[PDB]
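Have a look below at one chain only, the form deposited in one PDB entry, in structure tokens format.
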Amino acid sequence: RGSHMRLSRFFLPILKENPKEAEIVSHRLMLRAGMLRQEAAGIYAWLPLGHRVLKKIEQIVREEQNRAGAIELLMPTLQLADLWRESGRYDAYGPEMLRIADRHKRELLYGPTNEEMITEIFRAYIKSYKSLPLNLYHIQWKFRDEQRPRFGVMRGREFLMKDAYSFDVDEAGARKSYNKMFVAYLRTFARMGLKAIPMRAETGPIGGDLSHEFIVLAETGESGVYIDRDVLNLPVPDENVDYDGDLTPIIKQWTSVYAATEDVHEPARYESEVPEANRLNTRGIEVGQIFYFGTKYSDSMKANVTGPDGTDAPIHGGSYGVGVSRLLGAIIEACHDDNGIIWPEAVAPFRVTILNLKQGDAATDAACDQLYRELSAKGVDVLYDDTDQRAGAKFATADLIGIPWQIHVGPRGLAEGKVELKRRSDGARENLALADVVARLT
């Protein structure tokens, strides 16, 4: 039943020109488009339009974890360092890690991740191979005290993550739980119109020899990559994919082609198997990573189950992160033109925006009032720019904040019974009837 919003009733501080302080296109637009505000180095406030988007992103991620079988919960932001000496990653994050002391001086910390929290929870409740496979997950704020925070949401200190965690009896199991997630990630980024490409990766302080990062190609990458062009026509699986079945063929299908970050690149291995014309070397933004770590946290923390053969054994685990806040940036770094942002439909803070091209005119007002109420009812997320500005000004803002569809309402069109519908993508227009428009959009 349709999100709805008049601009006179809102909080969108658009910015004149380009903030001295922003180095890349995504940070600039987000600042310009009234989405974001820095409150500290790498710590941001999410202003209402920006918050609106973050939610859309959240919900997609959620839906897809859920479709893959994972169960949501929420862990707290602060964790006892005690937990961390137990697995002994106490010093694994180093300077990058934020330690706190309470009013009783108790080694706490703002959690950069939750491998140890989730294991502690798993071991409290789950005792039998029957309970498995299990995949708990949350979408919660993390803090990494990055040395030099940059690029806005892209490299910040307080940031949002969906982190999930899988729990199987043995190796062959977890290799399945791994693939579920792998597929679910393929869909996730695709539903946000981004071709995120699976690439072999390095586990860092998270353990394991299996890990893929998902990387969207760019012209500003924290990481540089070497791929074969063809990895870009590969199909993604549709909503009816059976996660309960054998997923190997898709995984095969998504790895047989050369894909590598610069961390695990091998040129001698590469020129071997690409035609010289498909080679696209380029930079990319890591939007997520998936890890299999066997018994890292289960061994040294005693996360055992009694298995089908009678005896106790530590479970085989994995973990999987999606940069939910980083996705805002990455999406914009891959969906913009000189006029501003171009949101893909699923993530747009509104589907359509009504631009009243002569405010205060009884006719345009009545016509815009009605479209807005009709569009809301048909369950369409609608922004009505009822502010008191001129045609060019309204076109400028509408472009900038990258709403997918624009409806233009003005004197000479409406006198004849027609408005104009502008698709932001390519910028194509059609003159069409006021009756029509609402139907054609829904």
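All residue numbers are counted from 1 along the displayed sequence. Only the largest set of C-alpha atoms that superpose within 1.5 Å between the two forms is called the rigid core.
Relative to one another, 313-321 and 268-276 have unequal mean CA B-factors, and 268-276 is the one with the higher figure. Comparing the deposited coordinates for 277-285 and 357-365, the stretch with the larger average C-alpha B-factor is 277-285. For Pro198, the recorded CA temperature factor ranks within the middle third of the chain's modelled residues. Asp102 sits in the lowest third of its chain by CA B factor, as recorded in the PDB entry. Annotation for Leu74: CA B-factor lies in the lowest third of the chain's modelled residues. Per-chain ranking of the deposited C-alpha B factor places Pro112 in the lowest third.
In the PDB entry, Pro344 places in the middle third of its chain by CA B-factor.
A second form of this protein, the form deposited in another entry, is not displayed here; the remarks below concern that form.
Of the residues listed here (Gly193, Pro76, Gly204, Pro235), only one shifts its CA by 2 angstroms or more between the shown form and the other one after fitting on the rigid core, and it is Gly204. Here's the thing about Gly207 and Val231: their CA atoms end up at least 3 Å closer in the other form than they are in this form. The gap between the Cα atoms of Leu247 and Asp209 is smaller in the other form, by no less than 3 Å, than in this form.
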